[PDB]
């Protein structure tokens, strides 16, 4: 490469080095661009950002997020991770991708920008002909990355003083349970230690081991095992409560307050777009897709996610997206009439534990299942309604437990992959319309979305987002969305 002066011309690939992975917390240590043969290294990274028109490169969405916290509208566009990930969703990291498609992922910004150019070449080449993957790329994954960049930049508001109060309460009850259990044991021990607990239950007290752990073969102390021993001994219910409280305190109540961003007053996740085997997003640092919901204490934690003052949260949930998608994929004239007729699938068919089990093993269903394994064995991958693929190679393993595990992965992906393609497309469609009404998209939770709207315009945003989500891509069966509205996530009623 011919090392050239900043700035680069239109359309260059960008490479950048961050002091850490979270773009909302990162310092920009270096910035470069590459096009043709030349590398352009920016003398001053942050000022240099202003001269870009869009982010084009490996991890584009991360640079667009950093740009966005700094006040600049720099959207991402082309990203070789996205194409690689469409080709094989086992392509999740730039290290892997680089090694696979012709480069080395290093820590130097110039070499990353170069790397980007050569990789996109090599990958856009592997997508000539793959016309459905090209479509998910142009119409879903590339535009979506702009939307997730803005969601990440915006963040969600948290009531800290509430969480600090919950924390003291919960520390008090933890103390009650732990004293309870130590006396029952006749001695004190580390209750967060599954090994010392295991000695207590099974060696010291007389209780029956029910399961062994996978990798090392210790007697399990999982919830399953403890539920099975609930009647056997009073120490057990206490341990179950202790686990519950300490899980929620260690994972949500204590750390989340400390992640509030000084400049925004909000919490900012990463929505990872190339992290999953099925085309779902993941969320990390912190994960906001696993905020508690089933227990009382869980629901009190969920009250802590709140709208800005004067706004409201708008929570929208697809009603059994996966069964409805199974109806469309399999074409079972019967299962479709069940949804088209507005009726509750769980009633017409105890039974919920067969509607949901048949995802993993009504005849067009079995037919669908069997055709899926066959095309999986033949081609080596299965696919979604939109043609997203997951390669499942052990479908022909000669060990039954591995083949059968593989079959379960193979069944699952077309339905999970499809529900995901749908939610992804629907975010892409919904985003620009929310902006037009000054509303925000805050979170995605697989088949749910959380938006924030000015109180005055909330019922109208909810009406609009519902129709957009319901009509995203009509299928033999209707997609149903439940909408809720409220001042906190629990009241909004997701």
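Numbering follows the first chain given and starts at 1.
Missing coordinates between residue 287 and residue 288 amount to none of the deposited residues, so the segment is unbroken.
Unmodelled deposited residues between residue 361 and residue 362: 10 or more, per the record. Legend: mean Cα B-factor per stretch from the PDB entry, 35-43 versus 421-429; the higher mean is in 35-43. The mean C-alpha temperature factor is higher for 230-238 when 230-238 and 388-396 are set side by side. Out of 350, 253, 174, 291, it is 350 whose C-alpha atom has the highest B-factor in the PDB entry. Of the candidates 435, 452, 27, 447, the one whose C-alpha carries the top B factor in the deposited record is 435. In this PDB entry, residue 271 carries a Cα temperature factor that places it within the lowest third of its chain's modelled residues.
In the deposited entry, the Cα temperature factor of residue 15 places it in the middle third of its chain's modelled residues. In this PDB entry, residue 317 carries a Cα temperature factor that places it within the lowest third of its chain's modelled residues. Ranked against the other modelled residues of its chain, the C-alpha B-factor of residue 477 as given in the entry falls in the highest third. The deposited CA B-factor of residue 159 belongs to the middle third of values across its chain.
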